[PDB]
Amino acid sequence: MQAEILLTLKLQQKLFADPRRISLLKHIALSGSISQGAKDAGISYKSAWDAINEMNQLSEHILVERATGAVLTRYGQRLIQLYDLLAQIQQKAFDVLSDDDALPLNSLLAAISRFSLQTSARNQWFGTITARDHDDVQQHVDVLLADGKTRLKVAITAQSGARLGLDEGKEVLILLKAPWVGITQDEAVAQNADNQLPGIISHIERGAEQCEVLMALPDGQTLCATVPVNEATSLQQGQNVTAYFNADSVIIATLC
């Protein structure tokens, strides 16, 4: 149903971790024998003793000493935890980024966001940092959406701006939680916010305390916003509205 990937780990032009090799380090921890491990995994205490004296060496920490004066070392234990994990990634990055005509939309950042974690934000957009100040506490950056026609002002702490490398040209991902988006026909109300997105209500579902207003954007895309009732009562479908939100109500996401 799938395919199997094998993680080979080379350390300074040579070999360090082979699937069969990690199998040895694990079988030597469950057997506790210099050989029984080499045995419990298709090796002959040779490709095993040779792949170890050369594995302890290449490694910055002995992975298996003797017994008391075949036993491992904490670092040998972390190597197993590390590899196995590095093995899990593969499968998922592979399971995701899976294939074909069905899913695909952009590259690197756009593709990593596909297997990486996912957020509850109903509005996620890709853009590019076109500017940024240098306020000692809170800074503001300008983002030009992948549509090259939409501008947005976002605010983040300086420590954050510095670590994500939000410099000019940086490709980002705008995470806007539906509740941070307002809908209005009152161009005045929309114009008081830092961000405005014109559009028409393509759908409106009214709950008991909240309402999910879906807005069709000139893009074709849909902006989602959760508006209370005492604010989303006059709103109707097919109406020309304007989504608005302030710069401090947005999260940024970069690979850095």
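So that there is no doubt, residue numbering starts at 1 and follows the sequence shown.
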Count up the deposited residues without coordinates from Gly69 to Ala70 and drop the result into none, 1 to 3, 4 to 9, or 10 or more.
4 to 9
Mean Cα B-factor check, 90-98 vs 161-169, entry values; winner is 90-98
Going by the mean C-alpha B-factor recorded in the entry, which is higher: 31-39 or 218-226?
31-39
Using only the C-alpha B-factors in the record, can you name which of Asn192, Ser59, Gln196, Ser202 has the highest?
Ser59
Pull the Cα B-factor of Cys256 out of the PDB entry and bin it into the chain's lowest, middle or highest third.
middle
Considering only modelled residues of the same chain, in which third does the CA B-factor of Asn246 rank: lowest, middle or highest?
lowest
Cα B factor band for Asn106 (lowest, middle or highest third within the chain):
highest
Split into thirds by Cα B-factor across the chain's modelled residues, where does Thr73 land: lowest, middle or highest?
highest
